[PDB]
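Quick heads-up: it's one chain on its own, the form deposited in one PDB entry, in structure tokens.
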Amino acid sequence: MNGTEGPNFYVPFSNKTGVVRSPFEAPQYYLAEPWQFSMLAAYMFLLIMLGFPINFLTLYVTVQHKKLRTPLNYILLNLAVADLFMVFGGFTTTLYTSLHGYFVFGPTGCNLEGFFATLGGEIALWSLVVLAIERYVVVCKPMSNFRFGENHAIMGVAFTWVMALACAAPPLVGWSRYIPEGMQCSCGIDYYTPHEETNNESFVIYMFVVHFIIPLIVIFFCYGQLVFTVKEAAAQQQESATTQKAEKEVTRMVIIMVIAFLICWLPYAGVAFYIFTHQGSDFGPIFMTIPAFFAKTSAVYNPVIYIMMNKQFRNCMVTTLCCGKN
């Protein structure tokens, strides 16, 4: 026996010695040293100090620069708002709780923190899907005489909200559940214990298929088509050095985007798959925070890739931060 079970939790540490306590009631210094809880807090501090300015600045320059308020940019605004739900739903909470060594807000605060942090990351995830569907529709021109307007952009944002609610709300009404994960300082979906009263197994399947595989297929199809269309256009227009440059830039950005998506979600999907197929094995607290580390750092590196590496946003940000220079 490798863990300790409670009504609303699973502590990944055996109670053979009798030292295990409810992660809602007492510190968990028996599954990690205090200095590791301090390093957890230090990491949350890093993600706040970087993730908040980068994502807030994205909203701010959009308010100050008229040319940013285009429909194809709406979804990037959505990305920045979603990353802020991650910053204040999860990161700040986990900074606070880690300094106590346990989840001081109780089962209720566990559902709040789990709902808003999972909602933030799922809005961000489906924003990357919708961004690719749109780029594919606009560049590859799969439809006859279709012009992408403001109402399509709003439809795309609402679709991300609905898809993220379809992931974050069921654990509040009895399909899966929210419990403290890893070092017991942050709450997330229970994708690792076979809690049958909330039907965890079928929810993890539904998560794996609908919120990982389908986003993976759509992103790969849409950008595969986009790279193919751009390479086809450049091959048929080799007298244009700019078009050859565009082809190289699009291919480089597409590689960065799909690699960044894999770095963000493949560890969560891999660990969940391994736990699913090897049901009945020891999975420690710090090992469980590895896929959390990868997914949460995307609140910093997604806006670097999708905002700061975008010519228009970078120009306006530099202008805003340097008071008025180019």
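In this text, rigid core is short for the largest set of C-alphas that superpose within 1.5 Å between two forms. Don't overthink the numbering: it's just position in the shown sequence, from 1.
The form deposited in another entry exists for this protein as well; it is not shown, and the discussion that follows is about that form.
Given a superposition on the rigid core, I'd like a yes or no on whether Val258 shifts its C-alpha by 2 Å or more between the shown form and the other one. Yes, the C-alpha moves 2 Å or more.
Comparing between the shown form and the other one on the rigid core: C-alpha of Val104 shifted by 2 Å or more? After core superposition, the C-alpha of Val104 moves less than 2 Å between the shown form and the other one.
Tell me whether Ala241 is among the residues that move between the shown form and the other one (Cα shift of 2 angstroms or more, core superposed). Yes.
Could you tell me whether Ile54 and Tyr223 have their C-alpha atoms closer or farther apart in the other form than in the shown form, knowing the shift is 3 angstroms or more? Relative to the displayed form, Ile54 and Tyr223 move farther apart in the other form - a change of at least 3 Å between their C-alphas.
Do the C-alpha atoms of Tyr223 and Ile305 sit closer or farther apart in the other form than they do here, given a shift of 3 Å or more? Result: farther.
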